[PDB]
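Have a look at final21.txt below; it lists compact mmCIF, C-alpha atoms.
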# COMPACT_ATOMS: atom_id res chain seq x y z
CA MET A 1 0.00 0.00 0.00
CA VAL A 2 1.06 3.60 -0.59
CA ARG A 3 0.22 6.41 1.82
CA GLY A 4 0.90 10.08 1.25
CA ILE A 5 2.54 12.13 4.00
CA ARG A 6 1.98 15.89 3.95
CA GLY A 7 4.23 18.59 5.30
CA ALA A 8 4.42 22.38 5.16
CA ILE A 9 6.77 25.04 6.49
CA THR A 10 7.36 28.75 5.92
CA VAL A 11 10.52 30.84 5.54
CA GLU A 12 11.23 34.57 5.70
CA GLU A 13 13.60 35.11 2.77
CA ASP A 14 14.09 33.57 -0.66
CA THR A 15 17.70 32.41 -0.27
CA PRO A 16 19.36 29.04 -0.94
CA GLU A 17 20.33 28.68 2.73
CA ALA A 18 16.90 29.64 4.07
CA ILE A 19 15.05 27.41 1.60
CA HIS A 20 17.30 24.44 2.34
CA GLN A 21 17.26 24.87 6.13
CA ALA A 22 13.47 24.86 6.36
CA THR A 23 13.09 21.96 3.91
CA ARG A 24 15.69 19.84 5.69
CA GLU A 25 13.88 20.45 8.97
CA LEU A 26 10.48 19.58 7.54
CA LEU A 27 11.65 16.39 5.82
CA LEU A 28 13.41 15.15 8.96
CA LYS A 29 10.31 15.82 11.10
CA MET A 30 7.91 14.19 8.62
CA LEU A 31 10.04 11.05 8.78
CA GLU A 32 10.51 11.16 12.55
CA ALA A 33 6.79 11.68 13.21
CA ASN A 34 6.08 8.47 11.29
CA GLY A 35 8.91 6.35 12.68
CA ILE A 36 10.60 6.26 9.28
CA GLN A 37 14.34 5.79 9.71
CA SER A 38 15.20 4.77 6.14
CA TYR A 39 14.49 6.23 2.69
CA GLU A 40 14.14 2.93 0.83
CA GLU A 41 10.35 2.88 1.25
CA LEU A 42 9.71 6.37 -0.08
CA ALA A 43 8.34 5.91 -3.61
CA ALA A 44 8.88 9.58 -4.37
CA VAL A 45 8.70 13.05 -2.82
CA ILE A 46 6.98 16.02 -4.43
CA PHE A 47 7.61 19.62 -3.39
CA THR A 48 5.75 22.83 -4.19
CA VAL A 49 6.85 26.37 -3.45
CA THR A 50 4.83 29.57 -3.47
CA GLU A 51 5.48 32.23 -6.11
CA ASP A 52 7.56 34.32 -3.67
CA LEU A 53 10.38 31.74 -3.71
CA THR A 54 12.76 31.10 -6.62
CA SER A 55 16.35 31.08 -5.32
CA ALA A 56 16.88 27.32 -4.96
CA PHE A 57 15.24 23.93 -5.50
CA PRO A 58 13.87 22.39 -2.27
CA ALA A 59 14.83 18.98 -3.63
CA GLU A 60 18.45 19.93 -2.94
CA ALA A 61 17.75 19.79 0.80
CA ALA A 62 16.66 16.18 0.34
CA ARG A 63 19.99 15.36 -1.30
CA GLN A 64 21.67 16.99 1.69
CA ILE A 65 20.16 14.47 4.11
CA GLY A 66 21.05 11.47 1.95
CA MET A 67 17.89 11.07 -0.16
CA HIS A 68 19.85 10.80 -3.42
CA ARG A 69 18.07 7.55 -4.37
CA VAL A 70 14.58 8.94 -3.69
CA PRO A 71 12.79 10.30 -6.81
CA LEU A 72 12.06 14.00 -6.37
CA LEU A 73 9.90 16.50 -8.26
CA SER A 74 9.08 20.16 -7.62
CA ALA A 75 6.24 22.37 -8.82
CA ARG A 76 4.75 25.80 -8.22
CA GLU A 77 1.85 26.49 -5.86
CA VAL A 78 -1.23 28.47 -6.97
CA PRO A 79 -0.89 32.19 -6.09
CA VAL A 80 -4.25 32.56 -4.32
CA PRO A 81 -4.86 36.13 -3.04
CA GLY A 82 -4.46 36.27 0.73
CA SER A 83 -2.96 32.78 0.94
CA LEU A 84 -0.08 32.02 3.30
CA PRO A 85 3.19 33.49 1.92
CA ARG A 86 6.63 31.89 1.63
CA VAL A 87 5.45 28.28 1.97
CA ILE A 88 7.27 25.07 1.06
CA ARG A 89 4.92 22.08 0.85
CA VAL A 90 5.84 18.40 0.65
CA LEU A 91 3.93 15.27 -0.39
CA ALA A 92 5.88 12.09 0.29
CA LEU A 93 4.60 8.81 -1.15
CA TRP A 94 5.34 6.08 1.38
CA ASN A 95 5.18 2.30 0.83
CA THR A 96 3.69 1.11 4.12
CA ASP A 97 0.91 -0.92 5.70
CA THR A 98 0.26 1.96 8.11
CA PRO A 99 -3.46 2.90 7.94
CA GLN A 100 -4.34 6.27 6.41
CA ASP A 101 -5.58 7.60 9.76
CA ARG A 102 -2.31 6.59 11.44
CA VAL A 103 -0.10 8.64 9.14
CA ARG A 104 1.18 11.79 10.82
CA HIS A 105 1.38 15.01 8.85
CA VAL A 106 3.65 17.89 9.78
CA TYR A 107 2.90 21.60 9.70
CA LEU A 108 5.66 23.85 11.03
CA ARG A 109 5.88 27.53 11.92
CA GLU A 110 3.40 29.74 10.07
CA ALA A 111 2.24 26.68 8.10
CA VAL A 112 0.46 25.48 11.26
CA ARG A 113 -2.44 27.60 9.99
CA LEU A 114 -2.73 25.11 7.11
CA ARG A 115 -3.46 21.98 9.15
CA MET B 1 -0.99 -1.81 -6.58
CA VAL B 2 -1.64 1.88 -7.21
CA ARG B 3 -3.74 3.21 -10.07
CA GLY B 4 -4.07 6.85 -10.93
CA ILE B 5 -7.51 8.28 -11.63
CA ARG B 6 -7.79 11.40 -13.76
CA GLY B 7 -10.50 14.00 -13.56
CA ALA B 8 -11.03 17.36 -15.24
CA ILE B 9 -13.78 19.95 -15.13
CA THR B 10 -14.15 23.56 -16.18
CA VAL B 11 -15.76 26.56 -14.51
CA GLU B 12 -17.42 29.57 -16.12
CA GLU B 13 -15.72 32.06 -13.80
CA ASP B 14 -12.87 32.43 -11.32
CA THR B 15 -14.70 32.45 -7.98
CA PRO B 16 -14.29 30.28 -4.86
CA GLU B 17 -17.92 29.20 -5.17
CA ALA B 18 -17.55 28.06 -8.79
CA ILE B 19 -14.24 26.30 -8.14
CA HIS B 20 -15.39 24.41 -5.04
CA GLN B 21 -18.74 23.41 -6.55
CA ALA B 22 -17.07 22.04 -9.69
CA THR B 23 -14.28 20.28 -7.82
CA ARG B 24 -16.83 18.75 -5.45
CA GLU B 25 -18.90 17.41 -8.38
CA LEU B 26 -15.82 16.08 -10.15
CA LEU B 27 -14.46 14.29 -7.06
CA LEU B 28 -17.83 12.70 -6.33
CA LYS B 29 -18.11 11.48 -9.92
CA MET B 30 -14.56 10.09 -9.89
CA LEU B 31 -15.40 8.15 -6.73
CA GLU B 32 -18.77 6.96 -8.06
CA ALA B 33 -17.45 5.86 -11.47
CA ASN B 34 -14.86 3.61 -9.82
CA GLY B 35 -17.09 2.32 -7.03
CA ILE B 36 -14.75 3.58 -4.30
CA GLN B 37 -16.12 2.63 -0.87
CA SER B 38 -13.81 4.46 1.55
CA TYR B 39 -11.37 7.37 1.20
CA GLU B 40 -8.98 5.10 3.08
CA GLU B 41 -8.12 3.62 -0.33
CA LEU B 42 -6.71 6.93 -1.60
CA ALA B 43 -2.96 7.37 -1.19
CA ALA B 44 -3.24 11.02 -2.17
CA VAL B 45 -4.96 13.45 -4.52
CA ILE B 46 -3.23 16.12 -6.57
CA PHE B 47 -5.07 19.11 -8.04
CA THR B 48 -3.96 21.57 -10.72
CA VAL B 49 -5.61 24.70 -12.05
CA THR B 50 -5.02 26.73 -15.17
CA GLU B 51 -3.42 30.17 -14.94
CA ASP B 52 -6.79 31.94 -15.23
CA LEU B 53 -8.00 30.45 -11.93
CA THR B 54 -6.51 31.94 -8.77
CA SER B 55 -9.47 32.75 -6.51
CA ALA B 56 -9.32 29.56 -4.45
CA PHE B 57 -7.78 26.15 -3.85
CA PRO B 58 -9.75 23.22 -5.33
CA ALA B 59 -8.55 21.01 -2.46
CA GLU B 60 -11.07 22.72 -0.15
CA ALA B 61 -13.86 20.82 -1.92
CA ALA B 62 -12.23 17.56 -0.85
CA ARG B 63 -12.50 18.64 2.78
CA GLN B 64 -16.15 19.54 2.17
CA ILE B 65 -16.94 15.95 1.22
CA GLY B 66 -15.06 14.40 4.14
CA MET B 67 -11.55 13.83 2.75
CA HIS B 68 -9.85 15.33 5.80
CA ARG B 69 -7.48 12.35 6.17
CA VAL B 70 -6.59 12.12 2.48
CA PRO B 71 -3.22 13.75 1.58
CA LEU B 72 -3.87 16.61 -0.86
CA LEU B 73 -1.48 18.70 -2.95
CA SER B 74 -2.10 21.58 -5.34
CA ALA B 75 -0.04 22.89 -8.26
CA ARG B 76 -0.21 25.08 -11.37
CA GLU B 77 -0.77 23.70 -14.87
CA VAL B 78 1.59 24.59 -17.74
CA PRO B 79 0.35 27.91 -19.24
CA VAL B 80 0.01 26.82 -22.88
CA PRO B 81 -1.54 29.69 -24.88
CA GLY B 82 -4.75 28.69 -26.64
CA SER B 83 -5.47 25.78 -24.32
CA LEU B 84 -8.87 25.17 -22.71
CA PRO B 85 -9.52 27.97 -20.19
CA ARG B 86 -10.51 27.66 -16.52
CA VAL B 87 -9.76 23.97 -16.02
CA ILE B 88 -9.45 22.09 -12.75
CA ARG B 89 -7.58 18.79 -13.11
CA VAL B 90 -7.31 15.99 -10.58
CA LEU B 91 -4.99 13.00 -10.20
CA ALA B 92 -6.04 10.58 -7.48
CA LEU B 93 -3.62 7.78 -6.57
CA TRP B 94 -5.77 4.77 -5.69
CA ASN B 95 -4.65 1.65 -3.82
CA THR B 96 -6.52 -1.08 -5.69
CA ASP B 97 -6.11 -4.33 -7.63
CA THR B 98 -8.31 -2.86 -10.37
CA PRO B 99 -6.50 -3.25 -13.72
CA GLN B 100 -5.40 -0.07 -15.53
CA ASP B 101 -7.87 -0.66 -18.37
CA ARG B 102 -10.78 -0.78 -15.91
CA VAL B 103 -10.06 2.50 -14.14
CA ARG B 104 -12.67 5.14 -15.05
CA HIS B 105 -11.53 8.69 -15.73
CA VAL B 106 -13.94 11.61 -15.59
CA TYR B 107 -14.08 14.61 -17.92
CA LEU B 108 -16.88 17.09 -17.27
CA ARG B 109 -18.43 20.18 -18.80
CA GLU B 110 -16.04 21.78 -21.29
CA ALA B 111 -13.19 19.43 -20.31
CA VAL B 112 -15.00 16.53 -21.99
CA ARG B 113 -12.84 17.37 -25.00
CA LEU B 114 -9.73 16.54 -22.95
CA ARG B 115 -10.55 12.84 -22.55
CA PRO B 116 -7.83 10.55 -24.01
CA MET C 1 5.28 -1.51 -4.13
CA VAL C 2 5.54 1.77 -6.01
CA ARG C 3 8.84 3.23 -7.14
CA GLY C 4 9.21 6.56 -8.83
CA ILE C 5 11.33 6.81 -11.98
CA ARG C 6 12.90 10.17 -12.77
CA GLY C 7 13.70 11.50 -16.21
CA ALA C 8 14.82 14.82 -17.63
CA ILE C 9 15.67 16.17 -21.08
CA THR C 10 16.35 19.53 -22.69
CA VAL C 11 14.89 21.01 -25.87
CA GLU C 12 16.62 23.41 -28.28
CA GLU C 13 13.55 25.61 -28.75
CA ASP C 14 9.96 26.19 -27.65
CA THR C 15 7.92 24.46 -30.37
CA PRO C 16 5.39 21.60 -30.16
CA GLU C 17 7.47 19.43 -32.49
CA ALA C 18 10.61 19.82 -30.37
CA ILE C 19 8.81 19.32 -27.06
CA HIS C 20 6.97 16.21 -28.27
CA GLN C 21 10.04 14.68 -29.89
CA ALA C 22 12.11 15.17 -26.72
CA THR C 23 9.35 13.85 -24.47
CA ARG C 24 8.84 10.77 -26.66
CA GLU C 25 12.56 10.07 -26.57
CA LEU C 26 12.80 10.46 -22.79
CA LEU C 27 9.70 8.38 -22.02
CA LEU C 28 10.83 5.53 -24.25
CA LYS C 29 14.30 5.64 -22.74
CA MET C 30 12.94 5.59 -19.18
CA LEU C 31 10.95 2.42 -19.89
CA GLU C 32 13.73 0.68 -21.81
CA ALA C 33 16.25 1.40 -19.06
CA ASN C 34 13.94 -0.35 -16.58
CA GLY C 35 12.88 -3.25 -18.79
CA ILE C 36 9.27 -2.08 -18.92
CA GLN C 37 7.62 -3.54 -22.03
CA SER C 38 4.03 -2.69 -21.05
CA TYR C 39 2.29 0.46 -19.82
CA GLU C 40 0.04 -1.51 -17.45
CA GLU C 41 2.73 -1.19 -14.77
CA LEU C 42 2.58 2.61 -14.69
CA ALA C 43 0.33 3.98 -11.95
CA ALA C 44 0.70 7.46 -13.43
CA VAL C 45 3.17 9.85 -15.02
CA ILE C 46 3.73 13.44 -13.96
CA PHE C 47 5.52 16.03 -16.10
CA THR C 48 6.94 19.44 -15.22
CA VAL C 49 8.26 21.99 -17.67
CA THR C 50 10.31 25.14 -17.11
CA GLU C 51 8.61 28.48 -17.80
CA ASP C 52 10.55 29.01 -21.04
CA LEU C 53 8.50 26.18 -22.55
CA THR C 54 4.83 26.99 -23.11
CA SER C 55 4.13 26.03 -26.73
CA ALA C 56 2.85 22.53 -25.96
CA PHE C 57 1.93 19.92 -23.35
CA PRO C 58 4.54 17.15 -22.99
CA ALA C 59 1.66 14.79 -22.23
CA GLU C 60 0.78 14.76 -25.94
CA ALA C 61 4.00 12.79 -26.50
CA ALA C 62 2.77 10.07 -24.16
CA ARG C 63 -0.39 9.72 -26.27
CA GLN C 64 1.76 9.48 -29.41
CA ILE C 65 3.60 6.44 -28.03
CA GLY C 66 0.33 4.78 -26.99
CA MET C 67 0.01 5.71 -23.31
CA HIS C 68 -3.67 6.65 -23.58
CA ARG C 69 -4.60 4.45 -20.59
CA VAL C 70 -1.81 5.84 -18.40
CA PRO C 71 -2.96 8.66 -16.07
CA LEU C 72 -0.98 11.80 -16.92
CA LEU C 73 -0.62 15.15 -15.17
CA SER C 74 1.57 18.18 -15.88
CA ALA C 75 2.73 21.13 -13.80
CA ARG C 76 4.95 24.23 -13.90
CA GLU C 77 8.50 23.87 -12.57
CA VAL C 78 9.96 26.37 -10.09
CA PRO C 79 12.28 29.03 -11.58
CA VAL C 80 15.83 28.99 -10.19
CA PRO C 81 18.85 31.20 -11.03
CA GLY C 82 21.40 29.39 -13.17
CA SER C 83 19.05 26.46 -13.76
CA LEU C 84 19.18 24.72 -17.13
CA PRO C 85 16.87 26.35 -19.73
CA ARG C 86 14.00 24.54 -21.48
CA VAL C 87 13.86 21.40 -19.35
CA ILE C 88 11.16 18.73 -19.38
CA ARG C 89 11.09 16.61 -16.23
CA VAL C 90 9.21 13.35 -15.71
CA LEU C 91 8.22 11.34 -12.63
CA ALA C 92 6.67 7.99 -13.47
CA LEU C 93 5.12 6.07 -10.58
CA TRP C 94 5.89 2.41 -11.30
CA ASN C 95 4.17 -0.61 -9.74
CA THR C 96 7.11 -2.97 -9.24
CA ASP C 97 8.95 -5.30 -6.88
CA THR C 98 12.19 -3.67 -8.02
CA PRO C 99 14.10 -2.20 -5.07
CA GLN C 100 14.71 1.55 -4.98
CA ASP C 101 18.45 1.06 -5.46
CA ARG C 102 17.87 -0.74 -8.77
CA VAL C 103 15.53 1.74 -10.47
CA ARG C 104 17.22 3.47 -13.41
CA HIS C 105 16.72 7.20 -13.82
CA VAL C 106 17.34 8.88 -17.17
CA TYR C 107 18.91 12.26 -17.88
CA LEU C 108 19.32 13.06 -21.57
CA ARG C 109 20.98 15.77 -23.68
CA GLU C 110 21.88 18.85 -21.63
CA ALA C 111 19.90 17.41 -18.71
CA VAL C 112 22.97 15.34 -17.86
CA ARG C 113 24.16 18.60 -16.31
CA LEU C 114 21.39 18.26 -13.72
CA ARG C 115 21.98 14.65 -12.66
As structure tokens - that is how I would like this structure written.
Amino acid sequence: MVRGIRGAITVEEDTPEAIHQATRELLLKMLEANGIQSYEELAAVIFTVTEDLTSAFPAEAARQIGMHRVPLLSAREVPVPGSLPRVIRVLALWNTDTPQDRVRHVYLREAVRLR
Amino acid sequence: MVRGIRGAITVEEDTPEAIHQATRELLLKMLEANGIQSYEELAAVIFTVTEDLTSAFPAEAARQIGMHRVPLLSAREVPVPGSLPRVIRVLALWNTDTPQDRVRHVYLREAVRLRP
Amino acid sequence: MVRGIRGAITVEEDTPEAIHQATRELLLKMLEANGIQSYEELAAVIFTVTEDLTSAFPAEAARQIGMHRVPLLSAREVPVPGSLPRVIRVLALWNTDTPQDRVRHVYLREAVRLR
């Protein structure tokens, strides 16, 4: 079975370091919250970034924590008026027998308003 | 086994009401057409909207019909000039043994012309 | 299980013919590299294209090679300084027993500069 894991986190400046730092933190927490201690069962990980962020690919933060074998893809989020700014969102596809209602999703910082 | 389910529907205007109503109808039809019993079978659902739609997130319609525990993600479609305007597209990833040739995709309203 | 397969290829110019030819080449190469002789194994295929490519949908290429029954979805890639121009990226979700470490990803033409 495949279960999606959602995550979201905000930053306060479109810089490679800031983008990477937040992404690394989110990915590590999404995995920790679900007791995942290996990357072998992640089918793929998809990232989306709001329009106000274009300095670096979030996928690079995944490479930084050793996810070089995990398929990654990034896309742009819809610029909805009044929507939360500077947000990095993640959708991990996890091969697991963990029930849908047992999967833990992670919303950090300002993204907590998105849960 | 995971099978993707595609859906597409158009709206006549860029308003939250129009977007949510259409997305709600599309999702319900996608579920109905494939006889899906519980949302527990859905690994995730991805939504995309064309550049001319920015008033709201289609994913909100999913919450309206009880998909609170289903992982949702939204993105922007490639802005190809001359393409069908105001389109909401959906890709559901379904855990099922259903063969690929038996999965039912749904194309509504003006998107009916987008069916493969 | 489900394993994602990554692919990427560049195009010399923004025209439907060029986009479709490149996408056909990449898709075929991704399947060949993984010994996939049938499309029944593909859960879905997601494409992303850089903003300098807007003349056509890469998904049309999938139809051309007979992937009508494969669920397809496309999205806009995130702009990044110094990133390779005119890039088509693919993420195929493959139903397979193949371990993550044995899935073959394909980077063609100038896209080799991204791998």
Find the nearest atom pair between each residue of stretch 2-74 of chain C and stretch 78-94 of chain C for residues within 8 Å, count all atoms listed in the file, give distances in Å to one decimal, sort rows by chain and ascending number, and present the table as JSON lines.
{"residue": "C:2", "atom": "CA", "partner": "C:94", "partner_atom": "CA", "distance": 5.3}
{"residue": "C:3", "atom": "CA", "partner": "C:94", "partner_atom": "CA", "distance": 5.2}
{"residue": "C:4", "atom": "CA", "partner": "C:93", "partner_atom": "CA", "distance": 4.5}
{"residue": "C:5", "atom": "CA", "partner": "C:92", "partner_atom": "CA", "distance": 5.0}
{"residue": "C:6", "atom": "CA", "partner": "C:91", "partner_atom": "CA", "distance": 4.8}
{"residue": "C:7", "atom": "CA", "partner": "C:90", "partner_atom": "CA", "distance": 4.9}
{"residue": "C:8", "atom": "CA", "partner": "C:89", "partner_atom": "CA", "distance": 4.4}
{"residue": "C:9", "atom": "CA", "partner": "C:88", "partner_atom": "CA", "distance": 5.5}
{"residue": "C:10", "atom": "CA", "partner": "C:87", "partner_atom": "CA", "distance": 4.6}
{"residue": "C:11", "atom": "CA", "partner": "C:86", "partner_atom": "CA", "distance": 5.7}
{"residue": "C:12", "atom": "CA", "partner": "C:86", "partner_atom": "CA", "distance": 7.4}
{"residue": "C:13", "atom": "CA", "partner": "C:86", "partner_atom": "CA", "distance": 7.4}
{"residue": "C:14", "atom": "CA", "partner": "C:86", "partner_atom": "CA", "distance": 7.6}
{"residue": "C:23", "atom": "CA", "partner": "C:88", "partner_atom": "CA", "distance": 7.3}
{"residue": "C:41", "atom": "CA", "partner": "C:94", "partner_atom": "CA", "distance": 5.9}
{"residue": "C:42", "atom": "CA", "partner": "C:94", "partner_atom": "CA", "distance": 4.7}
{"residue": "C:43", "atom": "CA", "partner": "C:93", "partner_atom": "CA", "distance": 5.4}
{"residue": "C:44", "atom": "CA", "partner": "C:93", "partner_atom": "CA", "distance": 5.4}
{"residue": "C:45", "atom": "CA", "partner": "C:92", "partner_atom": "CA", "distance": 4.3}
{"residue": "C:46", "atom": "CA", "partner": "C:91", "partner_atom": "CA", "distance": 5.1}
{"residue": "C:47", "atom": "CA", "partner": "C:90", "partner_atom": "CA", "distance": 4.6}
{"residue": "C:48", "atom": "CA", "partner": "C:89", "partner_atom": "CA", "distance": 5.1}
{"residue": "C:49", "atom": "CA", "partner": "C:88", "partner_atom": "CA", "distance": 4.7}
{"residue": "C:50", "atom": "CA", "partner": "C:87", "partner_atom": "CA", "distance": 5.6}
{"residue": "C:51", "atom": "CA", "partner": "C:79", "partner_atom": "CA", "distance": 7.2}
{"residue": "C:52", "atom": "CA", "partner": "C:86", "partner_atom": "CA", "distance": 5.7}
{"residue": "C:53", "atom": "CA", "partner": "C:86", "partner_atom": "CA", "distance": 5.8}
{"residue": "C:58", "atom": "CA", "partner": "C:88", "partner_atom": "CA", "distance": 7.7}
Is it possible to see chain A as an mmCIF file with C-alpha atoms, in the frame of the given file, once it has been laid onto chain C by a least-squares fit on every C-alpha atom in order?
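And here's result.cif as it stands now:
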data_model
loop_
_atom_site.group_PDB
_atom_site.id
_atom_site.type_symbol
_atom_site.label_atom_id
_atom_site.label_comp_id
_atom_site.auth_asym_id
_atom_site.auth_seq_id
_atom_site.Cartn_x
_atom_site.Cartn_y
_atom_site.Cartn_z
ATOM 1 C CA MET A 1 5.201 -1.548 -4.141
ATOM 2 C CA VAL A 2 5.478 1.713 -6.070
ATOM 3 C CA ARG A 3 8.797 3.119 -7.261
ATOM 4 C CA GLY A 4 9.305 6.484 -8.898
ATOM 5 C CA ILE A 5 11.379 6.727 -12.075
ATOM 6 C CA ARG A 6 12.952 10.092 -12.885
ATOM 7 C CA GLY A 7 13.845 11.483 -16.267
ATOM 8 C CA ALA A 8 14.981 14.814 -17.693
ATOM 9 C CA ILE A 9 15.794 16.166 -21.140
ATOM 10 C CA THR A 10 16.362 19.577 -22.714
ATOM 11 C CA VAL A 11 15.217 21.138 -25.993
ATOM 12 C CA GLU A 12 16.308 24.202 -27.958
ATOM 13 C CA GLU A 13 12.998 25.741 -29.038
ATOM 14 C CA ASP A 14 9.499 25.972 -27.595
ATOM 15 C CA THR A 15 7.586 24.281 -30.426
ATOM 16 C CA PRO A 16 5.032 21.446 -30.414
ATOM 17 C CA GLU A 17 7.316 19.250 -32.536
ATOM 18 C CA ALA A 18 10.433 19.918 -30.457
ATOM 19 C CA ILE A 19 8.621 19.414 -27.147
ATOM 20 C CA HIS A 20 7.026 16.173 -28.322
ATOM 21 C CA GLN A 21 10.191 14.745 -29.902
ATOM 22 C CA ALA A 22 12.269 15.148 -26.750
ATOM 23 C CA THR A 23 9.499 13.851 -24.470
ATOM 24 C CA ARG A 24 8.850 10.804 -26.642
ATOM 25 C CA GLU A 25 12.563 10.019 -26.576
ATOM 26 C CA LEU A 26 12.831 10.414 -22.816
ATOM 27 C CA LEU A 27 9.757 8.303 -22.041
ATOM 28 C CA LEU A 28 10.915 5.487 -24.327
ATOM 29 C CA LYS A 29 14.396 5.476 -22.739
ATOM 30 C CA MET A 30 13.064 5.573 -19.164
ATOM 31 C CA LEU A 31 11.011 2.477 -19.953
ATOM 32 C CA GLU A 32 13.791 0.711 -21.850
ATOM 33 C CA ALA A 33 16.361 1.360 -19.108
ATOM 34 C CA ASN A 34 14.065 -0.414 -16.644
ATOM 35 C CA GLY A 35 12.993 -3.307 -18.861
ATOM 36 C CA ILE A 36 9.430 -1.997 -18.959
ATOM 37 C CA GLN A 37 7.728 -3.125 -22.157
ATOM 38 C CA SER A 38 4.117 -2.427 -21.157
ATOM 39 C CA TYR A 39 2.266 0.583 -19.725
ATOM 40 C CA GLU A 40 -0.195 -1.348 -17.559
ATOM 41 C CA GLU A 41 2.019 -1.069 -14.467
ATOM 42 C CA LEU A 42 2.525 2.683 -14.619
ATOM 43 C CA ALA A 43 0.262 4.155 -11.925
ATOM 44 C CA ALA A 44 0.690 7.629 -13.369
ATOM 45 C CA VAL A 45 3.232 9.928 -15.021
ATOM 46 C CA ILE A 46 3.875 13.511 -13.962
ATOM 47 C CA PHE A 47 5.654 16.054 -16.154
ATOM 48 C CA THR A 48 7.091 19.479 -15.372
ATOM 49 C CA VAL A 49 8.377 22.048 -17.829
ATOM 50 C CA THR A 50 10.507 25.114 -17.208
ATOM 51 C CA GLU A 51 9.038 28.592 -17.668
ATOM 52 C CA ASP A 52 10.661 28.957 -21.115
ATOM 53 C CA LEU A 53 8.303 26.348 -22.611
ATOM 54 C CA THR A 54 4.586 26.851 -23.297
ATOM 55 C CA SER A 55 3.805 25.720 -26.859
ATOM 56 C CA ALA A 56 2.493 22.211 -26.143
ATOM 57 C CA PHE A 57 1.689 19.751 -23.355
ATOM 58 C CA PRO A 58 4.381 17.063 -22.897
ATOM 59 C CA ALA A 59 1.619 14.618 -22.006
ATOM 60 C CA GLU A 60 0.685 14.615 -25.695
ATOM 61 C CA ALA A 61 3.939 12.807 -26.494
ATOM 62 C CA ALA A 62 2.844 10.043 -24.130
ATOM 63 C CA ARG A 63 -0.410 9.654 -26.056
ATOM 64 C CA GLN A 64 1.685 9.412 -29.213
ATOM 65 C CA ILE A 65 3.461 6.279 -27.982
ATOM 66 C CA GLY A 66 0.248 4.581 -26.864
ATOM 67 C CA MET A 67 0.024 5.675 -23.210
ATOM 68 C CA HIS A 68 -3.628 6.725 -23.531
ATOM 69 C CA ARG A 69 -4.636 4.601 -20.513
ATOM 70 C CA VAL A 70 -1.857 5.964 -18.278
ATOM 71 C CA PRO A 71 -2.942 8.879 -16.016
ATOM 72 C CA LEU A 72 -0.919 11.982 -16.849
ATOM 73 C CA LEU A 73 -0.443 15.351 -15.143
ATOM 74 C CA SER A 74 1.769 18.337 -15.962
ATOM 75 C CA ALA A 75 3.027 21.219 -13.841
ATOM 76 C CA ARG A 76 5.462 24.116 -13.993
ATOM 77 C CA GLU A 77 9.023 23.989 -12.668
ATOM 78 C CA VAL A 78 10.392 26.662 -10.296
ATOM 79 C CA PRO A 79 12.233 29.425 -12.221
ATOM 80 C CA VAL A 80 15.446 29.366 -10.163
ATOM 81 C CA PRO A 81 18.026 31.939 -11.378
ATOM 82 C CA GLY A 82 20.852 30.208 -13.226
ATOM 83 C CA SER A 83 19.030 26.871 -13.375
ATOM 84 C CA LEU A 84 19.181 24.690 -16.483
ATOM 85 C CA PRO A 85 16.972 26.174 -19.254
ATOM 86 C CA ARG A 86 14.452 24.449 -21.524
ATOM 87 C CA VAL A 87 14.034 21.315 -19.392
ATOM 88 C CA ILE A 88 11.267 18.711 -19.479
ATOM 89 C CA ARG A 89 11.221 16.539 -16.350
ATOM 90 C CA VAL A 90 9.299 13.313 -15.779
ATOM 91 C CA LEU A 91 8.328 11.354 -12.657
ATOM 92 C CA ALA A 92 6.762 8.000 -13.480
ATOM 93 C CA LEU A 93 5.105 6.015 -10.689
ATOM 94 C CA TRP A 94 5.766 2.337 -11.350
ATOM 95 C CA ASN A 95 4.074 -0.660 -9.686
ATOM 96 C CA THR A 96 6.997 -3.057 -9.271
ATOM 97 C CA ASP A 97 8.920 -5.189 -6.801
ATOM 98 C CA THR A 98 12.168 -3.748 -8.179
ATOM 99 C CA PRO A 99 14.231 -2.339 -5.263
ATOM 100 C CA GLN A 100 14.657 1.438 -5.091
ATOM 101 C CA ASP A 101 18.395 1.166 -5.789
ATOM 102 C CA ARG A 102 17.724 -0.962 -8.881
ATOM 103 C CA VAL A 103 15.526 1.610 -10.593
ATOM 104 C CA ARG A 104 17.326 3.368 -13.431
ATOM 105 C CA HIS A 105 16.810 7.075 -13.960
ATOM 106 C CA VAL A 106 17.425 8.819 -17.260
ATOM 107 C CA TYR A 107 19.051 12.182 -17.878
ATOM 108 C CA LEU A 108 19.514 13.121 -21.533
ATOM 109 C CA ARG A 109 21.409 15.862 -23.344
ATOM 110 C CA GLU A 110 21.974 19.004 -21.279
ATOM 111 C CA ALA A 111 19.917 17.446 -18.463
ATOM 112 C CA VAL A 112 22.880 15.143 -17.746
ATOM 113 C CA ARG A 113 24.081 17.988 -15.515
ATOM 114 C CA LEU A 114 21.071 17.239 -13.289
ATOM 115 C CA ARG A 115 21.940 13.650 -12.365
#
- Task: Would you give me, as a VMD selection string, the residues of chain B that come within 6 Å of chain A, using only C-alpha atoms?
- Result: chain B and resid 40 43 to 44 54 to 56 71 75 to 76
Q: Within 12 Å of residue B:10, counting all atoms listed in the file, which residues show up once you throw out same-chain ones fewer than 2 positions away? Write them as an MDAnalysis selection string, please.
A: chainID B and resid 7:8 12:14 18:23 25:26 48:50 52:53 58 84:90 106:114
As an exercise, work out the distance from atom CA of residue C:62 to atom CA of residue C:24 in Å and give it to one decimal place.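 Rounded to one decimal, the two atoms are 6.6 Å apart.
We find atom CA of residue A:70 and atom CA of residue B:38 to be spaced 29.2 Å apart.
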Between C:111, C:98, C:68, C:60, smallest distance to chain A by all atoms listed in the file belongs to C:98
- Test item: which residues lie within 10 Å of (11.3, 9.8, -26.0) counting all atoms listed in the file, as number ranges by chain: C: 9, 19-31, 61-62, 65, 108
